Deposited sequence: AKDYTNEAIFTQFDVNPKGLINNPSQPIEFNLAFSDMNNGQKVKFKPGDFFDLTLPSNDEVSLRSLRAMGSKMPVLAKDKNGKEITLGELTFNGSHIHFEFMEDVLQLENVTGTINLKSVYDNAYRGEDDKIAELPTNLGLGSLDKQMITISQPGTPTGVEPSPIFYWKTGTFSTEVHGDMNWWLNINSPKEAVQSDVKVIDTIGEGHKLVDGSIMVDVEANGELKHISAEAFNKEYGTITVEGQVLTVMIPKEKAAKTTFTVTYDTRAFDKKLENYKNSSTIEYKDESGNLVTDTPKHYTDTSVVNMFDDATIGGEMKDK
């Protein structure tokens, strides 16, 4: 079989987001286009021909697929016909042409690869990792990727929510509702109304709660939470957390749960929430910034397509 990795068949290449990447919460996207024109010369792709993509890395930062090693994804052409197959192997992505590539006259295609990065740096000073790359495709000019490696110092925010894609269940996302990190002596019950956005839904039975107070943490279930600390309800896209004043006092509650994407093409999977309570000073808090209460996960699905005529 012929290896096209370093051949000049790649017509497009781009990396997103651009600029200094702040955290691994969102995917680092790679867009690639190719065709049967190699250095101005027509080639005929045969079943088995392939090319390999290699995500960049250094000694502390490595980019890899979100999929488990050995995961496969078909690459279809249009009725549908399987023309290729993508195999995700960590930082290595393999593309192979399938039998039916012998159907088409002119072959073109696009690959939108999603990646996640790990960062082993734990130093005090803030650091920057430079991972310029052409995904190993020698015919392409490298594009710079800058990743921030935050230093570790030698939270006062009462409430904020976060979320990211799961690397354990493809298509799922993990979320965190951080309630009373400061461990305030709130002067009223605490209520959070979380509305999961369009395109994804809560995964049944995935709600758990971390309860930390007076030097000890306990990781419990939603059911246990409902019997000892408060009430968590779920109705459609709405997840509500209610914590009585005496139970919320000087205690941090970390409510976690998962959602599952059902709309594969939505650009972002959002989640918004509102909170109300009286702070330790007895003042009603109704103005918590949305940057703290709302968040989203950029589409983390890989996709690819091929085109041509018989």
property: Deposited-sequence ranges lacking C-alpha coordinates, in sequence order; result: 79 to 82, 159 to 162, 319 to 321
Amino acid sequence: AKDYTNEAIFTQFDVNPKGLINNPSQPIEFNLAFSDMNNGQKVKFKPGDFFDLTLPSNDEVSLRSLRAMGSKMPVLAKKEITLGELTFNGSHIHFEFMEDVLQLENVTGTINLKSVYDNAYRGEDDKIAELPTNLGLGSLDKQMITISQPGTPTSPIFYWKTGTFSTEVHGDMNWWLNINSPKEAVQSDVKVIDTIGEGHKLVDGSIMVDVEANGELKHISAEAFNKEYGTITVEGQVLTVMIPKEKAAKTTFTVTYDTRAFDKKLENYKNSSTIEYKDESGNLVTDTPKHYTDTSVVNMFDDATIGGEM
From here on, numbers count along this sequence of modelled residues.
property	result
Average Cα temperature factor in the PDB entry - higher stretch of 66 to 74, 26 to 34	26 to 34
Given 104 to 112 and 232 to 240, the range whose Cα B-factors average higher in the PDB entry	104 to 112
Maximum C-alpha temperature factor, selected from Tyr121, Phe165, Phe158, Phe88	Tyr121
Among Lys264, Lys270, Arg260, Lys278 - the residue whose C-alpha B-factor is largest in the record	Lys264
CA B-factor placement of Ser221, once the chain's modelled residues are sorted into thirds	middle
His170, C-alpha B-factor rank within chain (lowest, middle or highest third)	middle
Within-chain third of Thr256 by Cα B-factor, per the entry	lowest
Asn39 by Cα B-factor - lowest, middle or highest third of the modelled chain	highest
Record-listed C-alpha B factor of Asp125: chain third	highest
